[PDB]
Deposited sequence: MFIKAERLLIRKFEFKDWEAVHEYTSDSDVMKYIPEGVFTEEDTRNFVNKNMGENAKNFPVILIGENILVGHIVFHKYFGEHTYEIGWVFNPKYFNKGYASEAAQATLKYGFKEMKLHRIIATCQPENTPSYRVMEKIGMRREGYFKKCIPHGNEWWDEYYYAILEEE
C-alpha cells in the first residue's frame, strides 16, 4: 500500500523505521489502550519486522522524511469491510496528522480497493481518537459496555463506521 496525502505519505515499513516508532511505542501514555502494552526495543523491532500480511503502515512527513506514527488497516468482515486505527507520536499532537492520514486511508480503501465499509473502535476515555473519527466523517454506531477484557477489568467500546456511499 502506498498513499500520498498533503503533508504526508503512508507506505510499508522498512526496518530502519523501528527507532522512530519506538519513540512512541515505548510511551506508556501513548500505549495506554493497546492490550500488548508498552514495547521494549526488541518488541518494536519485531513489530516492524512482522509488518514488512502487513496490517500497520508508517506515516511519513514529506520533505522532512520523518516518521510521525502509523496507520492500522486490515480486513475485518469478509474482504469488503476493513478496520482502521492509528498510533501517533505525541510530539505532533497539535498538527492534525492523524486525521489527514486516516482520511487518505479511507479514500484509498473506497476509491482504489473498492471496499464497502470501514469501521473503527476506541475506548470512550480516548477523546482524541473518536474526535478524529468524527472529523473524517465516521458515524458512532455502537456503544458496547464492559465488552473487552483488559487485565482484571472490562472495558467499554465506541464503534464507528463509514460506508463507501458517504
query	finding
Parts of the chain sequence, as deposited, that carry no C-alpha coordinates in this structure	53 to 54
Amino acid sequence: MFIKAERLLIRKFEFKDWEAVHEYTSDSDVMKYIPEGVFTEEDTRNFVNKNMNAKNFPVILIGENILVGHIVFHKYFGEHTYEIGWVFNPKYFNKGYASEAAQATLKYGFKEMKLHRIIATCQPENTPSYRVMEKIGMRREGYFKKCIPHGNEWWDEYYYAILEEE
From here on, numbers count along this sequence of modelled residues.
item	value
Greater mean Cα temperature factor according to the PDB record, 98 to 106 or 42 to 50	42 to 50
Selected stretch [higher average CA B-factor]: 153 to 161 or 12 to 20	12 to 20
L115 by Cα B-factor - lowest, middle or highest third of the modelled chain	middle
Chain-relative CA temperature factor third for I60	middle
Entry-reported Cα temperature factor of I66, expressed as the chain third it lands in	highest
Lowest, middle or highest third - CA B-factor, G78	highest
